[PDB]
Structure formats: C-alpha cells, structure tokens
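1. Once you've seen the sequence and the experimental structure below, I've got questions.
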Amino acid sequence: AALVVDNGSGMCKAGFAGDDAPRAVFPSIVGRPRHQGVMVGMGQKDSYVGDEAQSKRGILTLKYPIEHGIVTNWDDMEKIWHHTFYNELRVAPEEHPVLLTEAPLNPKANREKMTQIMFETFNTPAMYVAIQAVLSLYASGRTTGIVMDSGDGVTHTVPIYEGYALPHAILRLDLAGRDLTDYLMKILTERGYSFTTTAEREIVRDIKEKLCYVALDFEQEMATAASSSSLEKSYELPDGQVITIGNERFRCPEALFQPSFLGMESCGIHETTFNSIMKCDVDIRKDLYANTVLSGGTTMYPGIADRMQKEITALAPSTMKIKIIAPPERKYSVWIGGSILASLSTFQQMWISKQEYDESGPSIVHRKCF
Amino acid sequence: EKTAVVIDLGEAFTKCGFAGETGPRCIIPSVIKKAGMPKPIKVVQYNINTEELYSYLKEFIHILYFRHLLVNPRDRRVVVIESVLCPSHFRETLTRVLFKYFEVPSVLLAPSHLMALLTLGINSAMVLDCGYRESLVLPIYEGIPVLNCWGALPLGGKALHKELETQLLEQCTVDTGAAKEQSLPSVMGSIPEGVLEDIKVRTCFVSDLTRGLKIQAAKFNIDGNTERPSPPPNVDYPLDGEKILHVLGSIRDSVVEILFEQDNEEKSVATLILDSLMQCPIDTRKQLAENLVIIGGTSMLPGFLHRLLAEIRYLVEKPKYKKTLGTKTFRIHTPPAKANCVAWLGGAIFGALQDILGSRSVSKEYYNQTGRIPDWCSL
Amino acid sequence: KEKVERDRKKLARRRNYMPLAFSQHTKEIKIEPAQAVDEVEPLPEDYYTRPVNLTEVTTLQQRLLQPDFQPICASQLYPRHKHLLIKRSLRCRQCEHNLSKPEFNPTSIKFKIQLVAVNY
Amino acid sequence: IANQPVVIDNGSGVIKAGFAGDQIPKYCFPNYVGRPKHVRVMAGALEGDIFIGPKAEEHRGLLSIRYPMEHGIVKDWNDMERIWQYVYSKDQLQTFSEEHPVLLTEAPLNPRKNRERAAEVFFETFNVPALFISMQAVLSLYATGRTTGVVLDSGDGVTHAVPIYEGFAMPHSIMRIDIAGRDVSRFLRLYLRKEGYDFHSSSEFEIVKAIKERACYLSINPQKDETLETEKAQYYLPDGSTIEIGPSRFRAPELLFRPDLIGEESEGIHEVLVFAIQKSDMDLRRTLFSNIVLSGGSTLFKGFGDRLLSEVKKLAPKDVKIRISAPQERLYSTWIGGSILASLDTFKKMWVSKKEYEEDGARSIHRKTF
Ligand SMILES: Nc1ncnc2c1ncn2[C@@H]1O[C@H](COP(=O)(O)OP(=O)(O)OP(=O)(O)O)[C@@H](O)[C@H]1O
Ligand SMILES: Nc1ncnc2c1ncn2[C@@H]1O[C@H](COP(=O)(O)OP(=O)(O)O)[C@@H](O)[C@H]1O
Ligand SMILES: Nc1ncnc2c1ncn2[C@@H]1O[C@H](COP(=O)(O)OP(=O)(O)O)[C@@H](O)[C@H]1O
Ligand SMILES: [Zn+2]
C-alpha cells in the first residue's frame, strides 16, 4: 500500500501504487474569484481547485502554482495536495507513504520545501522524490535508452544506459506546452480571434490538444496552407461561436523544433536530444539512438515521432539506425513508471522515513534523491 | 433569535414582511401624507438634501414598522433589499435612519438581482429588472454579480406613464357631463400619476412581435398608405366621477411599443439582455443564456414575457448579434412568487438563514464605531 | 456548512498555530433547480377584438392588497382577513419609561401612566 | 509622386490628419459617425443621415453617436470609409486623395485582416499613389528625438507598452491590454449613476468623456482620499444644469492602475510598463527604465506621472533610476512622429506603390511594414 502523486505543471496525476492507470487526473490550478465589494451568493468556496475550477472558469482567475517545474506559490500547492489526498483519492496521508515527482536540474529549495510540507503538514510516514525521466523508462520495460520527456512546464533529456544515468549529459529546456499555448494565442490574435484572460487561455489549450499536428516539412506545409483550404479545420468554443484556425494549426507545434519563433535563442527539442547523446560516452551512443523514448503530453502531437526521426537522422551519422519509442499511453508515462517502482520490494528500502527526516533534517532528501 | 424583517424601498411600491414566508405581508405605494400637502410626497427621491430625505424615510419606516407590520424595531434584524448602483447618499441615509433613530440590531444591503436568483434555486442566471425608474440587467454567475457587464435604459414605469399621458392629450375625448357628450380635448392640463397607472394596468396590453412590428412602421408612416393592424375596441374610463375619458384602441397597444422600439441607437428592453450577454466572458455565455430571469412589475403587463423572448430571438438573427449569440437557446425561468415580489422573496429566503445573516450583516456596534457602510466602491 | 467553515477558520486564526495538523482533517440535501420553459404562454387572442369591462378587471390598489397571488380578474380575487391595529407605548433616550396603555385598550380611554406637556 | 504625403493617425477616440510639412496636425476631429436619434421619415429634420466631426459637435444632442473603431480594431468598415472620405472633404485638408501619398498608424499586435482591409480601401476606393502602415509606438520616439525608449501609449481604445533600444524593437516584449480611456469613460458613467446622475444615451456618453477629460485626478494614495471628505466640485453641462461629481472623480481613472476592482482580468498600466521591461534582456533593463516615454491622451490625467513613478518604483528593482519623460504634446505626439518620418527621404523607399500591390499580392503591405 503506497501513493504515487505526479506534480506536473499542467496536470497532477495521482493514484495508488500497483494500479494500471492513475485514479484521479485533474488540471493543477487554483481558482480565486474576481470578487467586487458586492455580497456573494450561497454555496461559495473561498478558493476552488482542479475539475471544480475547470467547471467555474468564467469568473475565477486561473493561477498555475508550478511555473517551469518550480513551485512559485507553496500555499497554492498545499491546497492542491489537500484536494489530491482527502477529496480526489479519498485516503489519509498519515496511513500511506507518498512518492512525488520533480523535473531534473530544478532549484534545490524546490525538493527541500516539497518534502518539508509532506513530513510536517500532511505527516506522511515516508517520502521519496524521483526524476520524471527515470520513471518514464519503466513504462516501456526498457532499462537502456534516452527519453525526451516534454511536459507542460518543462522538457528534459535524461540518458540512462543499463540502469545507470549520466547526470552531466542531462539538458533542460524551458520551452514547453504552456509556452506553445501562449504562442498559439498570439498567432490566433493575428488571424482575428482574440484570447486574453486566464479562462480564455484554458480554451486555447483545448483547441491546441485537438487540432494542432506536427508537419514533416514546415516550408512545404506553409505552401499547401496558402494555396488550398484543406488544412483549415473548424472548432466550436464553449460559446456557440465557431472559429477556423487555418495554417496556425501546424505553426504552433513548429515552435518545439525551432524556438526562434517563440524567440528564446535556444536549440530545438530535436537538436537538444542529439546534443545530450553527443555529451554521453562514444560507445553507449548506439543504444541511445536505437532507444529514444518520447514521454509527457507534449509528445502526443499527431506525427511528432515522424518529424523527430527525420531531424535526428539528419544530425546523426548515416550508418546509425534511429528508432523513436512512442507508446499509446505517453500522457500517463511518468505515473505508470512510479506505480511499477513503488510496487517493487527493492524500493521498500529506498524510502526516506520520518525518523530519518527528524534527526538529519530536510537536507537528507539531496543525498537520497537519485 | 427572532424572524428578521425584509424591506425593499422602491420609487413606485415598497415590499414589506417577515423572513421564511411565501410572499410579502404588506405592499403599498412608497409615499407619505404630510399635513398641508394635497398630493403625498414620494419617500425615495435621488439628488436632494440629506436632512429632507432623512425626515421622509423616518416618517415612512415608522408607518411600515407599526401600521403595516406590528413589531418592535430594536428587537429583530433587518434585510434591506436595494438594486445595485443605488445612489450612495440615499443608501447611506437609509442605514443612518435604521441605526440612529430606530436602533436596529443589524442591516444587510442585499442586491435585488442576486436575491431574485435564490428564489429559483439555480446558482447562475441572467436577471432583467424592469422597474419604475430604469430597466436594469446584471448577469449573476454562481453567486458572483458581474458589474463589468452591467446594462440599464430608462424604459420602465415612469417612461411608460409619461408616454401614455402624451398620447391621451393628443387624442383627448372626455364626457365632462356639461354638454361634453361631443369630444372635448384637454379640459385638464395634466392627468394625475395615480389615474395613468390604473389605465396602464387595466386597459393597455403588450402586442405580439408580428403585430407590434407593423404598429412601429404604421405610426412612422414610412412611404405607405394606412398599413396598420385593426385595433381593439375603445374603453371608456371614469375621471373624478362625472368626467368619462374615452381611451382610443390605438393608444392601448402603441404606448408599450416605446420599450421595444429600436429608435436607431438599437437600445430596447429586449436588446439590453443581448448587449450585456455579448460583453460577458466567453465561458459563461451558454449557461447565462439558458437561465433568464424577468423580475419587476413592468414585466407583469399582459403578454410582455412572450414579446420579449420573441423580440430577443428576432434581434439574435440581426447581423450585430448573429456572430456571437447566433446558435444560443434562450429559455425563461418561472419564479415561485409573482414578478413584482421575486426580489422580496429572496431576502426572506436569505433572512431565514439566521447563522449566515448575523455574520454577513453590518452590526450597529460596528456602524457607531466606524460610521462607514461597506459598498462595491473602494474603501 | 459556511458557519462551520467560518468557525473553524476563525478559531485557527485565534489559536495562531499556523494550521498545525494535530489530528486528521475533513447525508446531503440536493434541491433540483427549476426547469426553464422553451416558450412562455402567449397573450390569448381574446384580448384582440373584445370589449374590456373595467368592472370585471381589478384596479392596482385592490390587486396589491392580495399580494401572494394578485389576480387580474375579480372572480379570482378572494376577501382577505381584517388587519390588526397597534397600541403604541413611548420610551425616551435619557429617561426610561414615560407613558403606556392598559391590557384592555379595547373599549377603554384610560392611561396606565398619564403623561403629556399640557398636563404639566 | 513628389507632392507632400498626408499623415493620418487611426486613433479610436480622435483621428488626427494633416500634411507632413506642418509641425502640428491642422485638422483633428472626433472619430465617430453621427446619425439622427429619431428615425427620420419627415422633412425639416437633419438631412443626409451623416454628421462627422465639427458638424456632429454642433447638433450633438439630436444625433446618435456610433464609434466605428473599438479596441484598435475596425468593426464597421462602411462607417470608417465615410470618416476617411471626410478627411478628404472641403471641411478638412480640401485635396484629392489620388494625388498625395498616405501614412497610417495602426496599434501594435492588431489582426492582419484589419491591416489588409485598411490597405484595400485606401488603394481601391481612394486611388492613393502609395500607402505605409506603421506602429504607433515607433513614431512617438521620432517626435521626442531619441532612438532608445519604452513607449507606454495609452490611447482611447487600447493601451500598449513597446520597448525599443537603439532603433531595435523586441517584438516578444510588446504588451497590449484593452483597458484604455474608453473603458475609464464607461466605468465613470457607472460611478456617476452611483452618485445618482444617469447618462443612458449614446450622446450623453460623450459628455461623460468631457466630464472625465475636465475633472478626474489620480490620487497618490487612493485609500486616504476615500476616508477624507470630498469638496464635491460642480461641473456645468451643455444644457446649463450643475452636477456634483464628488468621490467618483478620483476612483474612476484608478481602474487603469487596478482593473481587478470593477472585475476586468488585466495586468494594469503600471504592470504592463514594468513587465515589458522585465520581459526584455537583463543588460537593457536599466537603460529602458532610464528612458520611458508617455504617449496618447489617457496619460494626461492630473497626477498620472506622479502615481506611475510610485507604482513602478515598488515593482521595479531597488536603487534603479526611473525617468518617465512625458512631452508637452502627448495627445499629438504619435502624429508629429509620422510627420517627421514622412518628411525623410528614407520614407520614399519604405512605402508600397499602387502598381506594387497589384503585382506582388496581399503580403506586400505586411512584409514592408517593418
Ligand atoms: N493530445 C495532446 N496533443 C497535444 N498537446 C497535448 C495533448 N495532451 C496534452 N497536451 C499538452 O501538453 C501538456 C501535457 O501535460 P501532461 O498531462 O503530460 O502533464 P505535465 O504537467 O506535463 O506532467 P509531466 O511534466 O510529469 O509530464 C498539456 O498541458 C497540454 O498543453
Ligand atoms: N401587478 C402589476 N400589474 C401590472 N403592472 C404593475 C403591477 N405591479 C406594478 N406594476 C407597474 O410596474 C411598476 C413596478 O415598479 P416596482 O418594481 O414595484 O418598483 P421599483 O422598481 O422602484 O422597485 C409599477 O410602478 C407599476 O406601474
Ligand atoms: N486632457 C485630457 N485629460 C484626460 N484625458 C484626456 C485628455 N485628452 C484626452 N483624454 C482621453 O484620451 C483620449 C484620446 O486618446 P488619443 O491620444 O487620441 O489616442 P490615440 O493615440 O489612439 O490617437 C480621449 O478620448 C480621452 O478619453
Ligand atoms: Zn427625559
């Protein structure tokens, strides 16, 4: 009996260890109302969380507590974890030990303060923080190979060979789902359809998930988009109003492969995956090309795998065979790994206890992280 | 605790009674009969000196708490229903009268629109309030009034009473009873507001959209030769006993049209819902449209709810509202109490909640200390 | 529920323990919301081409005296019970008592404590 | 054609026209179409069904005002064509549009359909030699005569902050919010109804804009002025009647700096300025704080510069020099910039010729913009 709780910037995936898929999946947001001095009606919650805030988007100002895999407002994150254990999962945190997930190369204060809350506020019996990328490999039953776990908050590239990780080869890029969502708003505003508010940004994320797809040749796709209106698809908003996004459909996910569009002055998700493999030892490169995994929900774009293969193959040597690993459950790839890890009898020892936390302090986490 | 009293001070009529009741106990014209004055002065009057307003409200609240209701003012709480954007000095005076003179325990300044929503039970709904002075609309979404997307036009009782008086004076046909069997025009220079109100209620009705649209173009006479529908029969109304005013059939179904007339600006009682709904947040559109509420005594007029809902669906197809509010299903809520006493019923339902009332409501001990009533303006 | 939430919040502020978890934290009544009609009943075609008798329809004054279901027609309008009147007793700000009336004010012109400016 | 170019500012509130030779705009009239309020069937009424600028101001109470441009976007194009036709009337300028070339001043990050249709009208309806669409912010710097500078241009329709350093505008650091002068006029009408003075009519909305422009001061501390008893300064209406504004005077334009009060999800005028600087690169932040320029009419509020300086200082880093350099001609700054730009021989290269638009296509206007 143990709890796996993925603390993703976009969506918080929580559930019991051993189960196939996560029990409760809700958007990680806190909804505070745009209140005036006028008195409010009955059935009023001071701050709404998750699926409740997703229902009452109209009035509530949606504030994401985790920004680029860094917890900015801890009071907000506490209210999400309270919604996770007590309401969503229907379980006491004192009974079950809780596994959390942190992105690699995050600030040290993040892991420090995270565990402090779990030990003091919720009074958990044991707490282990893990790298999202390390878990994602277990999903595919692969010990060897690199992963390109692109989330809503961040995208990170962690090469692991024969159950041994290369820490110095790890590269983090701040370009992620939320930056693409923010980019899609700007180009939709250029077409005509203006989306400004926090509630409207959530509707633009629903537009992104459904329509947007990765093009094989961007320049070739822009030529077809100009000539014919075949790529132009219609989407119905919450309001009866319908919109035809056009070429901006495949223009949004292009930003992943060339950040110049967003204006970050950084390497693309294809180029960073190559650079990470080159930073590793020369011998093991072979297996990393052969076992390139794509994880998170930012790798569920239709035809990212085809475009990824093409771009890596061009950069990589001709003799090498480049196979991209795209399992059907990419969105729940971080959690399903956690469920496999927590269930294993070997992992029982690796848990950090309250007694261990009390004596040493919150600094113990940095030793027993990975 | 005791059952808290509910008062709702309006320009035409004031609703009064006790909390946890099916309807208001007393509903009476908001006036006071002062010695010397032949016509009684109106108790609520905006933009006058505070001392003169204080005396009128002191006189009125006294009549409500003794002649109409029979209960000690100091003993039990108050739930003062007043519309949003009610003038600052008036609301400040009304509270100061209740707290200083009467020494009430605590007053709760509820907005009429949010109270009207409670009576149905639905958490989110659009609320139109066709009153005496101004016909105001205010979207309420899950307990939060959206002041950003407010709307008001002077197309209520006062604007309708004035329109009736004007039309009657043009086609004036009275039988004084002094060789006045023949049509006699404007024997009286002005008609008293009490008579005009009684004519409006009994004689005048709201026409169908199809017939109304013809009436608009008919009186305009826009390059057409007698293109009006057949009016109802002329009704004879007694004035001050002997004088019998013959009301023309045209006046009955034309007087109302000033509310639903476009008048180039595209500003009717119908348009005000769609003008507000288009300005609302994109997520809230479909929930508010589906849950419409029509309070106010002006909407009691026979066949108003059918004309409004029809005029809405016609103005939807108009190119301005066709993009945003094109494929929307507008459905009206039927509140439990009558259209006049929806506002009051909410305050009574709220007044029955003794636990929440005491907390939200402003205590006298706080007012005596501070002297600052909380409002939707800055503190 | 709001009272319990407001009480729990207030005693936590009064305690000033910074929401310290000593113990474990955390039947329903559901009203159905009123159904919205697609089309409200139109004005009956009788109102067009029918003489209106002012005797049959009721005036505002007599309409509003029966507020619970104020009826347009006279045949619907039922007679309401007679309104009870009040026996006033005066009490001052500085002074306590001043004047009052007996327990049998019905058919009596006697004051329990007679006090008036003309009588001093 | 060598004949003098005609600068025209597309201001939502007030459009400012004139020749490039003039130091100031000779002809500047309100941007609204005036039609008779009562639907005119009869003779002896207002004839034409069109009253623009000074003709409208004379017979204002009789007519019904309808603004053709909302939030820096053209809603009704038929109306805008009549407005631009009145620019080439006997009343203002008194010239052929076919002879003189044109310069437009569209707000930043507007819809591309707005720019395309604006060009189509000015090339097809009027037979213009050449047209050039420019950004309002870039012009404001030419007027003042400095290359580096952030431009907080608070117009009637839109308020936007564009950071430009050494003649280089960062397009990602641009910030645009819809809460502008027109919204302040709308919110003042609400507070005036809360004082007990209704301005229901579209004509009566114009005198609320006059009341705002005459008497509305921004308090340095809003909470202290609320507790203090107001003088209740009397304003005189066109009819002759007096209105005591009182506390509505100062708590109306506050909604610029704090738009959450009414319930509008926006950043605020102090916030968009700071955010625009913070979004830009770290090296430039100090110089961009050291060079801020106020533009448009919604900066002329009494004690705007005093409040903004205070509100920027607390958000901005400590011990940083903040100079908010307002010109004396803030309202007419945007046009003067265009007048200088138009006069230069470089402008001859920048604009798009009529024959160029016929051959090249639609993109011609967009690609030459920058
Ligand atoms: N099918 C999809 N196609 C395209 N984009 C998607 C799709 N599903 C989700 N997204 C986008 O990618 C994000 C994926 O978030 P996800 O559910 O993987 O959680 P997360 O917060 O990224 O967690 P983690 O960092 O642990 O992977 C969403 O926020 C959304 O913006
Ligand atoms: N039962 C009724 N039937 C028809 N018209 C009514 C009825 N009751 C009121 N009215 C009219 O509608 C108006 C309603 O005003 P009301 O809502 O009572 O005032 P306020 O808006 O000041 O609160 C009255 O002035 C009257 O002219
Ligand atoms: N002296 C003033 N004081 C206060 N507000 C003013 C003043 N002059 C103009 N305004 C406001 O600014 C608006 C003018 O905006 P403007 O500068 O013309 O915008 P744009 O830059 O888009 O042309 C007016 O409509 C009014 O709301
Ligand atoms: Zn005494």
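-> Sure thing, it's come through. Residues are numbered from 1 along each chain as shown, chains lettered A, B, ... in the order given. Ligands and ions are numbered 1, 2, ... in the order given.
2. Across the sheet, point out what pairs with residue 14.
-> If you meant another chain, say so; for now it's chain A. The partner list for residue A:14 in beta bridges (DSSP bridges) reads residue A:5, residue A:24.
3. actually chain D
-> Beta-bridge pairing of residue D:14 under DSSP bridges involves residue D:30.
4. Please give me every residue in contact with the closest residue to residue A:122 other than its chain neighbours.
-> With sequence-adjacent residues excluded and distances taken as Cβ to Cβ, 6 or more residues apart in numbering or on different chains, residue A:122 is closest to residue A:93, at 4.0 Å. C-beta: built from backbone N, CA, C; applies to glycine. By Cβ atoms under 8 Å, 6 or more residues apart in numbering or on different chains, residue A:93 lies in contact with A:3, A:85, A:118, A:122-124.
5. do that again at 6 Å, thanks
-> Residues near residue A:93 by Cβ atoms under 6 Å, 6 or more residues apart in numbering or on different chains: A:85, A:122, A:124.
6. is it possible to export these to TSV including distance to ligand 4?
-> Output for those, formatted as TSV (distance: Cβ to the ion, whole Å):
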residue	distance to ligand 4
A:85	66
A:122	65
A:124	70
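7. which one of those is nearest ligand 3?
-> The shortest approach to ligand 3 among the contacts of residue A:93 belongs to residue A:85, at 52.3 Å (Cβ to the nearest ligand atom).
8. Next, the buried residues of the host helix or strand of residue D:132.
-> Here residue D:132, judged by DSSP states H and E, is contained in strand D:130-135. Under the neighbour-count criterion of 16 or more other Cβ atoms under 10 Å in any protein chain shown, strand D:130-135 has D:130-135 buried.
9. The residue nearest to residue A:186 when sequence neighbours are not counted and residue D:120, how far apart?
-> Among residues not flanking residue A:186 along the chain, residue D:109 sits closest, at 7.4 Å (Cβ to Cβ, 6+ apart). Plainly put, residue D:109 is 21 Å away from residue D:120 if you go by Cβ to Cβ, to the nearest Å.
10. same deal with residue B:123?
-> Distance of residue B:123 to residue D:120, computed by Cβ to Cβ: 48 Å.
11. Quick check on these two: which one has the bigger neighbour count.
-> For residue B:123 and residue D:120, the more surrounded residue by other Cβ atoms under 10 Å in any protein chain shown is residue B:123, and the numbers stand at 19 against 14.
12. which SS state does that one fall under?
-> Assigned by DSSP: H, G, I helix; E, B strand; the rest coil, the conformation of residue B:123 is coil.
13. contacting residues for it?
-> Applying Cβ under 6 Å, 6+ apart, one finds that residue B:123 lies in contact with residue B:142.
14. And for residue C:16?
-> Going by Cβ under 6 Å, 6+ apart, the list of residues near residue C:16 is empty.
15. hang on, the residue nearest to residue A:186 in a strand?
-> No. Counting by three-state DSSP, residue D:109 is not found in a strand; it is coil.
16. Could you measure from it over to residue D:269?
-> Taking Cβ to Cβ, one finds residue D:109 at 17 Å from residue D:269.
17. Neighbour count for these two, which is higher?
-> Higher neighbour count among residue D:109 and residue D:269: residue D:269, with 27 against 18, using other Cβ under 10 Å.
18. Can you name the residues that contact the residue in chain C that ligand 3 sits nearest to?
-> Chain C approaches ligand 3 most closely through residue C:36 (41.0 Å), counting by Cβ to the nearest ligand atom. Applying Cβ under 6 Å, 6+ apart, we find residue C:36 in contact with B:331, B:333.
19. Repeat that for residue C:1.
-> Residue C:1 sits in contact with no residue, where contact means Cβ under 6 Å, 6+ apart.
20. Residue 87: neighbouring residues, count only.
-> Chain wasn't specified; assuming chain A. 15.
21. To clarify, I was referring to chain C.
-> Using other Cβ under 10 Å, residue C:87 has 11 neighbouring residues.
22. gap between it and residue C:115?
-> Distance, residue C:87 to residue C:115, using Cβ to Cβ: 16 Å.
23. Repeat that for residue B:264.
-> To residue C:115, residue B:264 is 68 Å away according to Cβ to Cβ.
24. now the strands: where do they sit in the stretch 201-350 of chain D?
-> Here the stretch 201-350 of chain D has its strands, by DSSP state E, counting those that start in this stretch, at D:234-236, D:242-244, D:292-295.
25. do you know which of these lies nearest chain B?
-> Chain B sits nearest to strand D:242-244 of all the strands of the stretch 201-350 of chain D, at 8.9 Å, using Cβ to the nearest Cβ.
26. list the helices and strands that closest one packs on?
-> strand D:234-236 (3 or more Cβ pairs under 6 Å, 6 or more residues apart in numbering or on different chains; DSSP states H and E).
27. Find the nearest non-adjacent residue to whatever residue of chain B ends up closest to ligand 1, please.
-> For chain B and ligand 1, the shortest gap (Cβ to the nearest ligand atom) falls at residue B:283, measuring 17.8 Å. Of all residues not flanking residue B:283 in the chain, residue A:58 sits nearest, at 4.1 Å (Cβ to Cβ, 6+ apart).
28. and the one you found, how many residues sit next to it?
-> Neighbourhood size, residue A:58 [other Cβ under 10 Å]: 23.
29. Stretch B:45-64 and chain D in contact?
-> Yes. For a cut-off given as Cβ under 6 Å from any Cβ of the partner chain, stretch B:45-64 has contacts with chain D, namely B:46-47.
30. And the contacts of that stretch?
-> So stretch B:45-64 is contacted by B:16, B:32, B:43, B:87, B:93, B:97, B:101, D:196 (Cβ under 6 Å, 6+ apart).
31. same check, this time on stretch B:88-95
-> Contact with stretch B:88-95 is made by B:50, B:53-54, B:107, B:373, D:194, as judged by Cβ under 6 Å, 6+ apart.
32. now it, how far from the chain's geometric center?
-> Stretch B:88-95 sits 20 Å away from the centroid of its parent chain (Cα atoms, centre = their mean, to the nearest Å).
33. Contacts only, for the residue in chain B that ligand 3 sits nearest to.
-> Taking Cβ to the nearest ligand atom, ligand 3 has its nearest neighbour within chain B at residue B:148, 18.8 Å off. Neighbour list for residue B:148: D:262-264 [criterion: Cβ under 6 Å, 6+ apart].
34. Which ones among these also lie next to chain B?
-> D:262-264.
35. Any chance of these in CSV with neighbour count as columns?
-> Formatted as CSV, the ones next to chain B among the contacts of residue B:148 follow (neighbours: other Cβ atoms under 10 Å in any protein chain shown):
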residue, neighbour count
D:262, 21
D:263, 20
D:264, 20
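36. How about the longest helix along chain D and chain A, touching?
-> In chain D, taking DSSP state H as the definition, the longest helix is helix D:181-195. No. Using Cβ under 6 Å from any Cβ, helix D:181-195 never reaches chain A; the gap is at least 11.2 Å.
37. Cool, thanks, talk later.
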